[PDB]
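Peer 1: Dumping the structure here so I can ask a few things about it.
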Amino acid sequence: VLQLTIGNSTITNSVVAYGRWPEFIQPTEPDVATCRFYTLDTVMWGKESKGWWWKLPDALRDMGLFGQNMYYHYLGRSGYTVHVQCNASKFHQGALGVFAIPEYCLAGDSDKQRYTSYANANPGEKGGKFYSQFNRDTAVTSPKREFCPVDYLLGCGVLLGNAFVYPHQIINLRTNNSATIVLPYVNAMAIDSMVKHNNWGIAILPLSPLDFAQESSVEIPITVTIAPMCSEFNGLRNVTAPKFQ
Amino acid sequence: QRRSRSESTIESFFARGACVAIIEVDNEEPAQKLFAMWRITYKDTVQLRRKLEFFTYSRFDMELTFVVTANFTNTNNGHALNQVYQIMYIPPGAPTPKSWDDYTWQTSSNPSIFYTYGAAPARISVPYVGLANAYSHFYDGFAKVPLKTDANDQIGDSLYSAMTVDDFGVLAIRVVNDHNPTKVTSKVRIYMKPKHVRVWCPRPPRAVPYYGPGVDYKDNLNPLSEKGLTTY
Amino acid sequence: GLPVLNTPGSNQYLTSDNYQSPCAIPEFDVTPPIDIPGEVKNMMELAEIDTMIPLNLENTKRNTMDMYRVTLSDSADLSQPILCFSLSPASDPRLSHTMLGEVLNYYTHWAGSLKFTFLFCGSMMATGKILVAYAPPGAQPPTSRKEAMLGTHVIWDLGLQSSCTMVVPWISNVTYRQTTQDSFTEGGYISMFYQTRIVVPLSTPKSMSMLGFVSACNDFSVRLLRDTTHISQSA
Amino acid sequence: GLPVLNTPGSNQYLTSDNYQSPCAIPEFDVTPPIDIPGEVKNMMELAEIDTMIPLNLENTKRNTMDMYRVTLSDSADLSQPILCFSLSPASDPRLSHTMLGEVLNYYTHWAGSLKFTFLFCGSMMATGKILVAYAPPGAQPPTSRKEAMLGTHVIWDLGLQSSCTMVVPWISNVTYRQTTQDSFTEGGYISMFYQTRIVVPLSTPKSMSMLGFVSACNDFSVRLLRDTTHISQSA
Amino acid sequence: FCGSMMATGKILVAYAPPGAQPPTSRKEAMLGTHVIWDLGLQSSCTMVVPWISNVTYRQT
Ligand SMILES: CCCCCCCCCCCCC/C=C/[C@H](O)[C@H](N)CO
């Protein structure tokens, strides 16, 4: 609706998660190097798309100096401002539910429990995608150790309809083309490791299927832009180099 | 406004004692269960687990109540004198019993309860013993990160959503009495009551059967039942 | 010492009692709390949160993402209703598994006004009027617009506002209703009809989907905590 | 007499309870105390006392007097570290059996800053610089000086001062760490490197020995008393 | 933007101070100063390039 300027990045309803604005608690605080909007890779919303999911701060691990501070320091905390952009014409119809889940633990694909690997559990800016059904992994010799989120189960054994208990925003193409959620730092500790722990999960679900006129196939872009807010790090040491394979 | 919400409060919602574990302890001539070690958690049962997982973070003082029920096993006319059960709390790091008469039962610094059968169920209270500022029902992360310089993938391999292997220790339950000529089998049921409960970040309730200590789901993934669209 | 008399009930364990107990870890320095966002002080706070309704529970649509979508169209039969469901916020299949219903299924009694928010997710070039009606119990469940008209109702213009809030006020013979199917504490019915039609121009989707959300109002209250039937454990 | 209700827990013996008991020797004239030197009011007072570290635990050196001596030399490889050990003051073999570690192994949780004092026991004609580094957990354990440099560190000139105090401040995600090996409450690493070298003149020993001591600071605290695993009894 | 009123879109307009590679991709231009411009809402966008220079004056 109005100008949204952070650092050196400006974006032309916005919901504050849990009514709490990001806030600070000698932590290293880059007021400019990290407090800015980083744009994730655009995804394509089609008529056969089940959904998308990203993990924060994992999605910003390779975003400018924020990732460098995240890997160099031991433990850091950061709020976020997520902005989802999806522009469509008056003749397009659809709705996206954008949910910011605290501790968005997801279910695996194998009978073995909690067997998902770090590489698969931390996809980065590409994120992942939900599925209509639960596909059980059958590669016993070389298990994929990847999540198997289910659209209507939200990937966590709960019903999608109740996901609105989480902070949420609905992009309904007939009325609005963008959503904005301001997430504070949510954790059981005032500050925690970012490389191993993800504080937030952004799930975008097509509540209503996309459609345009009488066209058989229609696809429109969705772009996610995340701004770290009041991010502070502590425990400076040699750089961490996670094995992503 | 005259109808109140005194019973919908978080304290009232958890003010009931929920069974979290059943432990079998047998006394017989010394492959055997003369002492049973049970790891402390509410995830062995679904009801209290589901109630707690309504939220993401919690902070509560616990109250444990032990109900012991003993019975004979194929006794003809062999009988036993009233038994005393030792329930010893072993926090992470402390030595664990290897037998029912091990030195660890001395309980020099490990708290223990000696319960006499036929008496009232043994009740004690525990404060908030969390390392962090609140309990984490859901942990979206690992405890180890696999690094490029790791010699093998197993160095950094860790269970997803697992924080610590030894969360809060175990309870070791034995029968202090020596073996009677006839076997006696007892079940100790542990009932956990949260108190002074505080919760944060509400979550939708579980809709499908639990499968393990995590959010994993395996079966019965079609909860909703058939109903007509325009049928009242 | 002091003469005492053991009253009946002694040596019993009532799981709902509130008695002081010895501390197994005395002089423990508990970790102090912090101001974590999202603190919840009442369970009815969760019920007040609107959550989507599985309005459509057909055999080929339930337990999917299609169970939350109700199809509207310009070719629909304007005489027949769009959707119909009883006002049972804990036993009705469409409301039982909602967050409100989930909280209610932990209690035996409920009392308060409900709030149903219907969101139209069609094109901005689609317009129409929808009649959303609540009928208190006692009479025939409205099978026609001429009947649903007679009960409480609201007209919702799709073009102007994409969301409509139908508030169902608390009207009950009893002070509390049961969270279980009971014809004595029956709550009423909710129905939807086409007031005029859905009108769309050319090059526009002629079929659209609407979503439903249910929430509790500030007057809502529950009573007599119990065990939910939704979660079960193999023994 | 007075009606009473026996609450659950009656007739139980909790070894950690604090109840009044009858005196078996009433009216006993206990011997009065005297002002004996060395009164201890807290167990953390003992932990605050510096005690030598078994830094060297090789097969042919452990459980001897050589396990407390770390050999320094002018002929040493300046690229390799002198000594390296994890910051686990109760589970690490080099710190577990220290007085600090002994006190910790009676508790489940610990929190506070540590203090490592390294004493050089060479000739007064020997000079050199030693880099003592603490690396918080999360990254690769420093295998080189260029890496350990990046973490907390101090440079220690042997010629000027024969002892150096490396203080490891309390930096933890959790308010308390466990006294048991746990990757979630991992504390970090401590490493030592040759900043320049050890330089000695002629007629001087070219090989020397350094000693290590560990202590707790005033901010140190422990929690959840437990039984130590160090002492065992044959049953 | 001089298109139809039925056309909508977002444009990322970025200024990158000198020193690094000229942005050949959105992932790079994102890292510098930038503004997002919604065509449907506003038909004109103002990208202000602030004065950031080592020297007090630049040559023409
Ligand atoms: C004989 C004396 C018995 C002493 C028993 C002390 C046991 C201490 C356990 C306290 C907490 C256990 C249950 C609460 C923790 C929850 O599982 C959290 N959500 C952890 O994820």
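So you can find residues: chains in the structure tokens are A, B, ... in the order shown, residues in each start at 1, and ligands are numbered from 1 in order.
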Hey, which residues sit close to ligand 1? Say within 7 Å, counting only C-alpha atoms and all ligand atoms, and write them as number ranges by chain.

Peer 2: B: 40-42, 58, 62, 87-89, 111-113, 124, 126, 129, 135-137, 167-169, 171; C: 24

Peer 1: List as an mmCIF file with N, CA and C atoms, in the first residue's frame the protein and nucleic acid residues near region 74-80 of chain C, meaning an atom at most 12 Å away when only C-alpha atoms are counted, but skip any in the same chain fewer than 4 places from it.

Peer 2:
```
data_model
loop_
_atom_site.group_PDB
_atom_site.id
_atom_site.type_symbol
_atom_site.label_atom_id
_atom_site.label_comp_id
_atom_site.auth_asym_id
_atom_site.auth_seq_id
_atom_site.Cartn_x
_atom_site.Cartn_y
_atom_site.Cartn_z
ATOM 1 N N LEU B 229 -22.750 -32.191 0.431
ATOM 2 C CA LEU B 229 -22.457 -30.763 0.376
ATOM 3 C C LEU B 229 -23.635 -29.937 0.876
ATOM 4 N N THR B 230 -24.853 -30.300 0.474
ATOM 5 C CA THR B 230 -26.060 -29.577 0.856
ATOM 6 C C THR B 230 -26.915 -30.358 1.848
ATOM 7 N N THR B 231 -26.339 -31.355 2.514
ATOM 8 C CA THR B 231 -27.053 -32.135 3.516
ATOM 9 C C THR B 231 -26.820 -31.532 4.895
ATOM 10 N N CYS C 84 -25.158 -26.379 2.798
ATOM 11 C CA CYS C 84 -26.047 -26.474 3.947
ATOM 12 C C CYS C 84 -25.374 -27.311 5.021
ATOM 13 N N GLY C 122 -13.086 -15.668 -6.859
ATOM 14 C CA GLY C 122 -13.247 -15.613 -8.293
ATOM 15 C C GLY C 122 -12.512 -14.440 -8.905
ATOM 16 N N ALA C 126 -16.253 -10.820 -11.879
ATOM 17 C CA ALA C 126 -17.422 -11.599 -11.501
ATOM 18 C C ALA C 126 -18.188 -10.878 -10.402
ATOM 19 N N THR C 127 -19.509 -10.826 -10.550
ATOM 20 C CA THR C 127 -20.372 -10.145 -9.599
ATOM 21 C C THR C 127 -21.604 -11.001 -9.340
ATOM 22 N N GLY C 128 -22.197 -10.802 -8.171
ATOM 23 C CA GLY C 128 -23.358 -11.577 -7.782
ATOM 24 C C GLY C 128 -23.742 -11.274 -6.354
ATOM 25 N N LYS C 129 -24.918 -11.772 -5.981
ATOM 26 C CA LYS C 129 -25.430 -11.659 -4.623
ATOM 27 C C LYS C 129 -25.697 -13.050 -4.069
ATOM 28 N N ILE C 130 -25.288 -13.271 -2.824
ATOM 29 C CA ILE C 130 -25.452 -14.544 -2.133
ATOM 30 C C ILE C 130 -26.239 -14.293 -0.856
ATOM 31 N N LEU C 131 -27.253 -15.115 -0.613
ATOM 32 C CA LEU C 131 -28.044 -15.042 0.607
ATOM 33 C C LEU C 131 -27.531 -16.100 1.576
ATOM 34 N N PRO C 142 -34.327 -25.278 6.002
ATOM 35 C CA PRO C 142 -34.666 -24.579 4.752
ATOM 36 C C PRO C 142 -34.164 -25.285 3.502
ATOM 37 N N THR C 143 -35.096 -25.759 2.676
ATOM 38 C CA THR C 143 -34.776 -26.367 1.392
ATOM 39 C C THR C 143 -34.959 -25.404 0.226
ATOM 40 N N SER C 144 -35.314 -24.150 0.497
ATOM 41 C CA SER C 144 -35.553 -23.173 -0.554
ATOM 42 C C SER C 144 -35.203 -21.790 -0.032
ATOM 43 N N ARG C 145 -34.991 -20.863 -0.968
ATOM 44 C CA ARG C 145 -34.678 -19.490 -0.586
ATOM 45 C C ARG C 145 -35.862 -18.832 0.110
ATOM 46 N N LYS C 146 -37.083 -19.154 -0.321
ATOM 47 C CA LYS C 146 -38.265 -18.572 0.308
ATOM 48 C C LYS C 146 -38.363 -18.962 1.777
ATOM 49 N N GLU C 147 -37.791 -20.109 2.152
ATOM 50 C CA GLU C 147 -37.797 -20.524 3.550
ATOM 51 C C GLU C 147 -36.628 -19.921 4.319
ATOM 52 N N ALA C 148 -35.414 -20.025 3.771
ATOM 53 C CA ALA C 148 -34.242 -19.488 4.456
ATOM 54 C C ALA C 148 -34.360 -17.982 4.655
ATOM 55 N N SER C 191 -27.537 -22.131 5.753
ATOM 56 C CA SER C 191 -27.798 -22.399 4.348
ATOM 57 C C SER C 191 -27.326 -21.218 3.512
ATOM 58 N N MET C 192 -27.070 -21.489 2.235
ATOM 59 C CA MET C 192 -26.620 -20.471 1.299
ATOM 60 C C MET C 192 -27.363 -20.636 -0.017
ATOM 61 N N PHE C 193 -27.774 -19.512 -0.602
ATOM 62 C CA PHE C 193 -28.540 -19.520 -1.840
ATOM 63 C C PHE C 193 -28.057 -18.396 -2.747
ATOM 64 N N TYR C 194 -28.372 -18.518 -4.035
ATOM 65 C CA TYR C 194 -28.086 -17.471 -5.010
ATOM 66 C C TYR C 194 -29.197 -16.430 -4.941
ATOM 67 N N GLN C 195 -28.861 -15.229 -4.471
ATOM 68 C CA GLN C 195 -29.858 -14.166 -4.420
ATOM 69 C C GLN C 195 -30.238 -13.707 -5.823
ATOM 70 N N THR C 196 -29.244 -13.391 -6.667
ATOM 71 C CA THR C 196 -29.519 -13.089 -8.063
ATOM 72 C C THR C 196 -28.827 -14.125 -8.934
ATOM 73 N N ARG C 197 -27.499 -14.129 -9.017
ATOM 74 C CA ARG C 197 -26.731 -15.037 -9.861
ATOM 75 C C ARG C 197 -25.279 -14.593 -9.778
ATOM 76 N N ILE C 198 -24.393 -15.384 -10.372
ATOM 77 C CA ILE C 198 -23.040 -14.933 -10.684
ATOM 78 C C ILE C 198 -22.999 -14.552 -12.158
ATOM 79 N N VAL C 199 -22.631 -13.305 -12.437
ATOM 80 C CA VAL C 199 -22.569 -12.777 -13.796
ATOM 81 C C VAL C 199 -21.114 -12.481 -14.124
ATOM 82 N N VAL C 200 -20.629 -13.051 -15.222
ATOM 83 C CA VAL C 200 -19.252 -12.837 -15.662
ATOM 84 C C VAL C 200 -19.257 -12.429 -17.131
ATOM 85 N N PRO C 201 -18.311 -11.611 -17.577
ATOM 86 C CA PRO C 201 -18.211 -11.281 -19.001
ATOM 87 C C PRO C 201 -17.430 -12.355 -19.751
ATOM 88 N N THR C 204 -13.610 -14.720 -19.176
ATOM 89 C CA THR C 204 -13.546 -14.824 -17.730
ATOM 90 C C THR C 204 -13.955 -16.231 -17.313
ATOM 91 N N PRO C 205 -13.347 -16.788 -16.265
ATOM 92 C CA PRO C 205 -13.779 -18.111 -15.797
ATOM 93 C C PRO C 205 -15.222 -18.073 -15.318
ATOM 94 N N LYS C 206 -16.042 -18.961 -15.878
ATOM 95 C CA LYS C 206 -17.447 -19.035 -15.502
ATOM 96 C C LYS C 206 -17.679 -19.849 -14.236
ATOM 97 N N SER C 207 -16.659 -20.543 -13.736
ATOM 98 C CA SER C 207 -16.740 -21.293 -12.492
ATOM 99 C C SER C 207 -15.688 -20.771 -11.526
ATOM 100 N N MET C 208 -16.099 -20.548 -10.280
ATOM 101 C CA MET C 208 -15.215 -20.004 -9.258
ATOM 102 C C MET C 208 -15.321 -20.836 -7.988
ATOM 103 N N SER C 209 -14.479 -20.550 -6.998
ATOM 104 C CA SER C 209 -14.494 -21.282 -5.741
ATOM 105 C C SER C 209 -14.561 -20.303 -4.581
#
```

Peer 1: Please, what distance in Å, to one decimal, runs between CA of residue 95 (chain D) and CA of residue 57 (chain D)?

Peer 2: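 We find that CA of residue 95 (chain D) and CA of residue 57 (chain D) lie 11.3 Å from each other.
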
Peer 1: After a least-squares superposition on chain C using every in-order C-alpha pair, I'd like chain D written out as a compact mmCIF listing (two decimals) with C-alpha atoms, in the first residue's frame.

Peer 2:
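part15.txt written:
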```txt
# COMPACT_ATOMS: atom_id res chain seq x y z
CA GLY D 1 -0.13 -36.03 69.38
CA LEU D 2 -3.03 -34.13 67.85
CA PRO D 3 -6.07 -36.45 67.66
CA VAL D 4 -7.27 -36.75 64.06
CA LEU D 5 -10.06 -38.59 62.26
CA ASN D 6 -9.46 -40.07 58.80
CA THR D 7 -12.38 -38.99 56.63
CA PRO D 8 -13.68 -41.03 53.68
CA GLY D 9 -11.66 -40.50 50.53
CA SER D 10 -8.32 -40.92 52.30
CA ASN D 11 -5.55 -42.70 50.38
CA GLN D 12 -7.32 -42.09 47.04
CA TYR D 13 -5.74 -40.58 43.93
CA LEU D 14 -8.11 -38.24 42.08
CA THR D 15 -6.44 -37.12 38.86
CA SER D 16 -8.21 -33.72 39.08
CA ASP D 17 -7.20 -32.93 42.67
CA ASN D 18 -5.00 -29.95 43.60
CA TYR D 19 -2.74 -31.00 46.48
CA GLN D 20 0.75 -29.92 47.47
CA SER D 21 3.47 -32.52 46.93
CA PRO D 22 7.12 -32.85 47.98
CA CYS D 23 9.73 -31.48 45.59
CA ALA D 24 12.13 -34.12 44.28
CA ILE D 25 14.77 -31.52 43.29
CA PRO D 26 14.85 -28.89 46.07
CA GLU D 27 16.72 -25.60 45.72
CA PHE D 28 16.64 -25.78 41.92
CA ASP D 29 17.54 -22.58 40.04
CA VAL D 30 14.96 -22.71 37.26
CA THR D 31 15.80 -20.89 34.04
CA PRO D 32 14.01 -17.52 34.05
CA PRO D 33 11.34 -16.90 31.40
CA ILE D 34 11.63 -14.51 28.48
CA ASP D 35 9.01 -12.52 26.55
CA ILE D 36 8.30 -15.06 23.82
CA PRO D 37 5.76 -13.77 21.26
CA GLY D 38 2.42 -15.51 21.03
CA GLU D 39 1.61 -16.24 24.66
CA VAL D 40 -1.79 -17.89 25.12
CA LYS D 41 -3.75 -17.39 28.34
CA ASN D 42 -7.02 -19.12 27.38
CA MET D 43 -7.99 -21.93 25.03
CA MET D 44 -10.98 -19.93 23.76
CA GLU D 45 -8.43 -17.51 22.31
CA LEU D 46 -7.59 -20.22 19.78
CA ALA D 47 -11.28 -20.81 19.04
CA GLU D 48 -11.76 -17.09 18.34
CA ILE D 49 -9.26 -17.48 15.47
CA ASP D 50 -10.98 -18.01 12.12
CA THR D 51 -10.01 -21.25 10.38
CA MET D 52 -11.08 -22.71 7.06
CA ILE D 53 -14.06 -25.07 6.94
CA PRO D 54 -14.08 -28.40 5.03
CA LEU D 55 -17.42 -27.43 3.50
CA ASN D 56 -17.22 -30.04 0.71
CA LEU D 57 -16.87 -33.60 2.01
CA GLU D 58 -17.81 -35.68 -1.02
CA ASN D 59 -16.25 -39.11 -1.51
CA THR D 60 -13.88 -37.88 -4.24
CA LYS D 61 -13.14 -34.52 -2.55
CA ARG D 62 -12.77 -35.10 1.20
CA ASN D 63 -9.32 -35.45 2.77
CA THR D 64 -7.85 -33.33 -0.03
CA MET D 65 -7.45 -29.64 -0.83
CA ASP D 66 -10.77 -29.71 -2.72
CA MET D 67 -12.74 -30.23 0.51
CA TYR D 68 -12.22 -26.56 1.47
CA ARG D 69 -13.49 -25.22 -1.89
CA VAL D 70 -17.18 -24.78 -2.72
CA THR D 71 -17.81 -24.34 -6.44
CA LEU D 72 -19.95 -21.40 -7.55
CA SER D 73 -21.01 -20.89 -11.15
CA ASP D 74 -23.26 -18.86 -13.42
CA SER D 75 -24.73 -22.10 -14.83
CA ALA D 76 -25.76 -23.34 -11.37
CA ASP D 77 -29.37 -24.04 -10.44
CA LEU D 78 -30.54 -20.87 -8.69
CA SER D 79 -33.33 -22.76 -6.89
CA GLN D 80 -31.09 -25.27 -5.11
CA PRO D 81 -28.85 -24.26 -2.18
CA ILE D 82 -25.12 -23.79 -2.51
CA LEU D 83 -24.19 -25.38 0.82
CA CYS D 84 -26.05 -26.47 3.95
CA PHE D 85 -24.81 -27.59 7.35
CA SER D 86 -26.14 -27.87 10.89
CA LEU D 87 -24.99 -25.49 13.63
CA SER D 88 -23.12 -28.16 15.61
CA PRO D 89 -19.64 -26.68 16.12
CA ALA D 90 -18.25 -29.92 17.58
CA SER D 91 -20.20 -32.84 16.04
CA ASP D 92 -20.90 -31.67 12.49
CA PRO D 93 -18.27 -33.18 10.15
CA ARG D 94 -17.70 -29.82 8.45
CA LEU D 95 -17.14 -28.03 11.79
CA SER D 96 -15.88 -30.83 14.05
CA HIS D 97 -12.30 -30.81 12.73
CA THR D 98 -12.00 -27.02 12.63
CA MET D 99 -9.90 -25.36 15.32
CA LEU D 100 -13.10 -24.27 17.08
CA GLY D 101 -14.44 -27.81 16.88
CA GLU D 102 -11.12 -29.27 18.00
CA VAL D 103 -11.17 -27.09 21.12
CA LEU D 104 -14.84 -27.92 21.75
CA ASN D 105 -14.28 -31.68 21.50
CA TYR D 106 -12.22 -31.33 24.69
CA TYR D 107 -15.30 -29.98 26.51
CA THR D 108 -18.82 -31.27 27.13
CA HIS D 109 -20.74 -27.97 27.05
CA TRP D 110 -20.49 -24.85 24.88
CA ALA D 111 -22.34 -21.53 24.73
CA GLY D 112 -21.84 -18.47 22.56
CA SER D 113 -22.32 -16.82 19.20
CA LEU D 114 -20.50 -18.07 16.10
CA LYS D 115 -19.02 -16.14 13.18
CA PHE D 116 -18.84 -17.57 9.65
CA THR D 117 -16.69 -15.68 7.14
CA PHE D 118 -17.20 -16.61 3.49
CA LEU D 119 -14.52 -15.50 1.02
CA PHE D 120 -15.12 -15.29 -2.73
CA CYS D 121 -12.05 -16.29 -4.75
CA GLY D 122 -13.25 -15.61 -8.29
CA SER D 123 -12.28 -12.99 -10.84
CA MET D 124 -12.64 -9.28 -10.17
CA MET D 125 -14.97 -9.21 -13.21
CA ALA D 126 -17.42 -11.60 -11.50
CA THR D 127 -20.37 -10.15 -9.60
CA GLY D 128 -23.36 -11.58 -7.78
CA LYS D 129 -25.43 -11.66 -4.62
CA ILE D 130 -25.45 -14.54 -2.13
CA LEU D 131 -28.04 -15.04 0.61
CA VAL D 132 -26.46 -16.54 3.74
CA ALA D 133 -29.11 -17.65 6.23
CA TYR D 134 -29.20 -19.05 9.75
CA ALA D 135 -32.41 -20.80 10.80
CA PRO D 136 -32.94 -21.49 14.52
CA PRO D 137 -34.05 -25.06 15.21
CA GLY D 138 -37.64 -26.21 15.46
CA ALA D 139 -38.89 -25.98 11.88
CA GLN D 140 -38.05 -27.71 8.62
CA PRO D 141 -34.42 -27.22 7.50
CA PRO D 142 -34.67 -24.58 4.75
CA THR D 143 -34.78 -26.37 1.39
CA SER D 144 -35.55 -23.17 -0.55
CA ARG D 145 -34.68 -19.49 -0.59
CA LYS D 146 -38.26 -18.57 0.31
CA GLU D 147 -37.80 -20.52 3.55
CA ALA D 148 -34.24 -19.49 4.46
CA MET D 149 -35.34 -15.88 3.86
CA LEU D 150 -37.67 -16.13 6.85
CA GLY D 151 -34.81 -16.83 9.28
CA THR D 152 -31.82 -14.68 10.09
CA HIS D 153 -29.93 -13.81 6.94
CA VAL D 154 -27.55 -11.44 5.16
CA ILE D 155 -27.11 -10.54 1.48
CA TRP D 156 -23.52 -10.51 0.22
CA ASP D 157 -22.55 -8.68 -2.98
CA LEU D 158 -19.56 -10.45 -4.52
CA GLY D 159 -18.45 -7.47 -6.61
CA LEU D 160 -18.30 -4.99 -3.73
CA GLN D 161 -16.85 -7.11 -0.91
CA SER D 162 -15.06 -10.41 -1.46
CA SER D 163 -15.76 -11.53 2.13
CA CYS D 164 -18.98 -11.64 4.15
CA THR D 165 -19.36 -12.15 7.90
CA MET D 166 -22.53 -13.98 8.95
CA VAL D 167 -22.73 -13.77 12.74
CA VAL D 168 -24.94 -16.43 14.36
CA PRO D 169 -26.11 -15.00 17.72
CA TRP D 170 -26.57 -17.14 20.81
CA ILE D 171 -30.25 -18.15 20.92
CA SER D 172 -30.82 -21.26 23.04
CA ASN D 173 -33.42 -22.61 25.44
CA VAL D 174 -30.60 -23.94 27.62
CA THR D 175 -27.77 -21.81 28.96
CA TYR D 176 -25.26 -24.34 27.57
CA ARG D 177 -25.45 -26.72 24.62
CA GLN D 178 -23.74 -30.09 24.44
CA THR D 179 -20.76 -30.62 22.15
CA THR D 180 -22.40 -33.88 21.02
CA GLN D 181 -25.25 -34.55 18.61
CA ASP D 182 -28.39 -34.01 20.69
CA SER D 183 -31.81 -33.00 19.38
CA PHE D 184 -32.57 -31.24 22.68
CA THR D 185 -29.57 -28.89 22.40
CA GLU D 186 -29.81 -28.59 18.61
CA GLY D 187 -28.39 -25.27 17.47
CA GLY D 188 -30.01 -24.66 14.09
CA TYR D 189 -29.02 -24.69 10.43
CA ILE D 190 -26.89 -22.63 8.03
CA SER D 191 -27.80 -22.40 4.35
CA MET D 192 -26.62 -20.47 1.30
CA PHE D 193 -28.54 -19.52 -1.84
CA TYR D 194 -28.09 -17.47 -5.01
CA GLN D 195 -29.86 -14.17 -4.42
CA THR D 196 -29.52 -13.09 -8.06
CA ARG D 197 -26.73 -15.04 -9.86
CA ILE D 198 -23.04 -14.93 -10.68
CA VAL D 199 -22.57 -12.78 -13.80
CA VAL D 200 -19.25 -12.84 -15.66
CA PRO D 201 -18.21 -11.28 -19.00
CA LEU D 202 -16.43 -13.02 -21.85
CA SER D 203 -12.83 -14.19 -21.42
CA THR D 204 -13.55 -14.82 -17.73
CA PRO D 205 -13.78 -18.11 -15.80
CA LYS D 206 -17.45 -19.04 -15.50
CA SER D 207 -16.74 -21.29 -12.49
CA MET D 208 -15.21 -20.00 -9.26
CA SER D 209 -14.49 -21.28 -5.74
CA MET D 210 -15.47 -19.88 -2.35
CA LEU D 211 -13.87 -20.65 1.01
CA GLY D 212 -15.47 -20.82 4.45
CA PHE D 213 -14.04 -19.92 7.85
CA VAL D 214 -15.56 -20.36 11.32
CA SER D 215 -14.73 -18.58 14.57
CA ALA D 216 -16.06 -17.97 18.06
CA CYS D 217 -17.06 -14.58 19.43
CA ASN D 218 -16.00 -12.96 22.69
CA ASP D 219 -19.16 -14.27 24.39
CA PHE D 220 -18.10 -17.87 23.71
CA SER D 221 -17.45 -20.23 26.62
CA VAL D 222 -16.98 -23.96 27.22
CA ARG D 223 -17.51 -26.22 30.21
CA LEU D 224 -16.69 -29.65 31.65
CA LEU D 225 -13.31 -30.58 30.15
CA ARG D 226 -13.22 -34.09 28.68
CA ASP D 227 -11.16 -36.34 26.41
CA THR D 228 -11.36 -35.82 22.66
CA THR D 229 -12.47 -38.64 20.37
CA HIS D 230 -10.29 -37.46 17.46
CA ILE D 231 -6.96 -38.87 18.69
CA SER D 232 -6.60 -42.58 19.43
CA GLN D 233 -3.70 -44.86 20.34
CA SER D 234 -3.34 -48.54 19.50
CA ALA D 235 -3.05 -50.48 22.77
```

Peer 1: For the structure I just gave you, how does DSSP split region 1-226 of chain A - specifically, which residues are alpha helix (DSSP H)? Reply as a PyMOL selection string.

Peer 2: chain A and resi 64-72+118-121

Peer 1: Could you build a table of the residues in chain A lying no more than 7 Å from chain B, giving for each the nearest pair of atoms and their separation in Å rounded to one decimal place, using only C-alpha atoms, ordered by chain and ascending residue number, as CSV?

Peer 2:
```
residue,atom,partner,partner_atom,distance
A:103,CA,B:140,CA,4.8
A:104,CA,B:140,CA,5.9
A:105,CA,B:140,CA,4.9
A:106,CA,B:215,CA,6.3
A:107,CA,B:216,CA,4.3
A:108,CA,B:216,CA,5.9
A:113,CA,B:212,CA,6.1
A:114,CA,B:160,CA,4.8
A:115,CA,B:159,CA,5.8
A:116,CA,B:160,CA,6.0
A:156,CA,B:215,CA,5.2
A:157,CA,B:208,CA,5.6
A:158,CA,B:206,CA,4.8
A:159,CA,B:207,CA,6.1
A:162,CA,B:204,CA,5.5
A:163,CA,B:204,CA,6.3
A:165,CA,B:203,CA,6.5
A:166,CA,B:203,CA,6.8
A:188,CA,B:134,CA,5.1
A:189,CA,B:132,CA,5.6
A:196,CA,B:142,CA,5.3
A:197,CA,B:141,CA,4.1
A:198,CA,B:140,CA,5.5
A:199,CA,B:140,CA,7.0
A:241,CA,B:147,CA,5.6
A:242,CA,B:147,CA,4.4
A:243,CA,B:147,CA,4.8
```

Peer 1: Taking the backbone alone, and naming residues the way the document does, which bits of region 3-245 of chain A are strand (DSSP E or B) by DSSP, as a PyMOL selection string?

Peer 2: chain A and resi 4-6+9-11+14-16+28+38-39+43-45+52-56+73-85+92-102+108+128-129+131+147+150+158+168-172+178-183+192+197+200-212+220-236+242

Peer 1: Quick check: residues of chain B within 7 Å of chain D, only C-alpha atoms, returned as a list in words.

Peer 2: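 Listed by rising number, the hits are residues 91, 92, 93, 94, 95, 102, 103, 108, 109, 110, 111, 112, 113, 114, 115, 116, 119, 120, 121, 122, 123, 131, 132, 143, 144, 163 and 164 of chain B.
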
Peer 1: Select all residues from chain E having any atom no more than 9 Å from an atom of chain A (counting only C-alpha atoms, ignoring ligands), output as an MDAnalysis selection string.

Peer 2: chainID E and resid 6:10 26:27 30:38 40

Peer 1: Tell me, in Å to one decimal, how far CA of residue 20 (chain B) is from CA of residue 34 (chain B).

Peer 2: 21.1 Å
